[PDB]
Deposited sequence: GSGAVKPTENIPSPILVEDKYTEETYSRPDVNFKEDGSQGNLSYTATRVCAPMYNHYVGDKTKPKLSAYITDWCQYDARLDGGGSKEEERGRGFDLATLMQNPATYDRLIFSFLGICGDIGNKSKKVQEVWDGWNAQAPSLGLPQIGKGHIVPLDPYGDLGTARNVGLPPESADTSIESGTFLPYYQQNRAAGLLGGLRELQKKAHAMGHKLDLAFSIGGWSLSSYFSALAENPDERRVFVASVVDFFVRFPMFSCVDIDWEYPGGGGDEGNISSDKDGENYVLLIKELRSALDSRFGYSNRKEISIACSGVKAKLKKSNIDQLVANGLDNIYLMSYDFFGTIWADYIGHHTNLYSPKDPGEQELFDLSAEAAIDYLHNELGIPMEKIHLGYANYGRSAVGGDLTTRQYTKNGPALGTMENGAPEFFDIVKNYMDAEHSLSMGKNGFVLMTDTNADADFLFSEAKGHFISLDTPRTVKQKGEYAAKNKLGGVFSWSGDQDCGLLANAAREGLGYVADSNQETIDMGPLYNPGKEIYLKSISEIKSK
């Protein structure tokens, strides 16, 4: 039967947020929900209610992991701000997960930085490094130097209470770069580290094991990995500071090294070298050794690394040798395959399947399965070590043409906080209706399904806005692929940008069954079917 949306909203997702709405109207914003005016919405996450369903545990199914960043808690609009860009924040409230504490099997605190960093957050890394070294004599602790991991935001990590699930009296505004060291341990922390401690306890109290991991690096904090990995003295400082973090915060059981990426192809200011892959093997070997001598094999710590979803990049990371030398998990960052400014053609940014005649798959027509197949078939990596990412955000383009796949590379593309990046809670608010028992576009957008790659996107014809995103259908599809192929799991990039719909779709694709907040079943429909030709097909 052809499906029509319901007139009624059986399961409300959207919630009124005065601050978001006020921001749209500001003269430096002029955001109209059909994307016809200002291109940035600055929407807060408060626009969506928590939509998490509760699924029955099942030890035989792949895991669901999520990143949570330390800066998503902020939104200065809650304090009367918002005239400045930086005062409009996401405001993700961890209390939403305290109320649904079994939602994820693992949460990955992100991101720590490294002394030595020379990228855009170098001043902050330096501030904290200096701060640490100022405090250490009085605490009987030694000086730290290049290679040592550090928090980026001592207040957000250890001092806040709002949006981190803690009582207001736990907030401590005296915590800053020059004072945080005594509070840098599990029984003292407030901030997001305190909230994660508390979330993990709430999960345990209702029968759920929530693993906690911490990630070092990520896109903006990767500039110095190449140098520390080359220098055995600095490798030794890095490794010991990893061990030290686990000692400070024993609630963590895994460290994720998010070096993006060995051999280059990360941010262009990163140090890189053709020795990166071989030096990473040395770093993992030494880490695996240090962790296992310190904690042993029963109360064991795992090691995870970021892996590019581009074959040409991940080859530079010697991942077979990493596994041979003690690596536990490979987090496949199979997203950002398309983005405005840099890509020559509009495309899917996080598609699992390759289109017909996808070519070299270096700059376009990429897919998660191409990377997985290379990892498994050419490098012999067991599927169980690989975790498949899904994106809780789109990559958009303006001026898009679905026939030629050309677009306005330098145009103002829709986004929440940055050009071209509409985050999933903002997409649910403005461009995709999931509230009337069907997944469809709204405000002039049409939900489409590309039958070539089998991936979904939103398109609005007037200005040619194209938004590539993960939808409940494609996240369910990724979950199915992970369960069928016995991957280690799927993970959410980033958990704080979902309202629960994609976590639900992931659980259902992975084969978990509800023990509902929202009936996901009618939301898994394809959109308008179109055949987006691969670049090779267009060019021939």
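Missing from the model relative to the deposited sequence are positions 1-2, 518-520, 546 (no C-alpha coordinates, numbering from 1).
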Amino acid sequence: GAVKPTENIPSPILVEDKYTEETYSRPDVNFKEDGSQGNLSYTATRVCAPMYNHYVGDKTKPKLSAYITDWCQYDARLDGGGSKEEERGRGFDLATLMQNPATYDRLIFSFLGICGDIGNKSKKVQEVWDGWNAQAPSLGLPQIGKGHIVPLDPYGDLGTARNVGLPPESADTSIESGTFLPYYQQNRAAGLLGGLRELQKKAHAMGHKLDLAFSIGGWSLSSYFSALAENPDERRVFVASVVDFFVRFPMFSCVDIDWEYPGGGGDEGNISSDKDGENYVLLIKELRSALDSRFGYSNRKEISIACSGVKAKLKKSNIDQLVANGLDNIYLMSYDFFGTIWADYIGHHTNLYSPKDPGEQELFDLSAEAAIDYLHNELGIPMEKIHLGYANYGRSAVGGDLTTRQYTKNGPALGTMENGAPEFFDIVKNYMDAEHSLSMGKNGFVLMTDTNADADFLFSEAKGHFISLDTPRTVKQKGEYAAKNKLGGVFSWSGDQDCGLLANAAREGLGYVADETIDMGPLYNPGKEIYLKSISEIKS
From here on, numbers count along this sequence of modelled residues.
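When the two stretches 354-362 and 155-163 are set side by side, the higher mean Cα temperature factor goes to 354-362. Of the two segments examined, 118-126 and 241-249, it is 118-126 that shows the higher average Cα temperature factor in the deposited entry. For the set 467, 107, 203, 446, the maximum C-alpha B-factor listed in the entry falls on 203. Per the PDB record, 178 has a higher Cα B-factor than any other of 347, 178, 195, 217.
Compared with the other modelled residues of the chain, the Cα B-factor recorded for residue 174 ranks in the highest third. Among all modelled residues in its chain, residue 498 ranks in the middle third by Cα B-factor. Annotation for residue 491: CA B-factor lies in the lowest third of the chain's modelled residues. Remark: residue 302 belongs to the middle third of its chain, ranked by C-alpha B-factor as recorded. Ranked by C-alpha B-factor against the other modelled residues of its chain, residue 42 falls in the lowest third.
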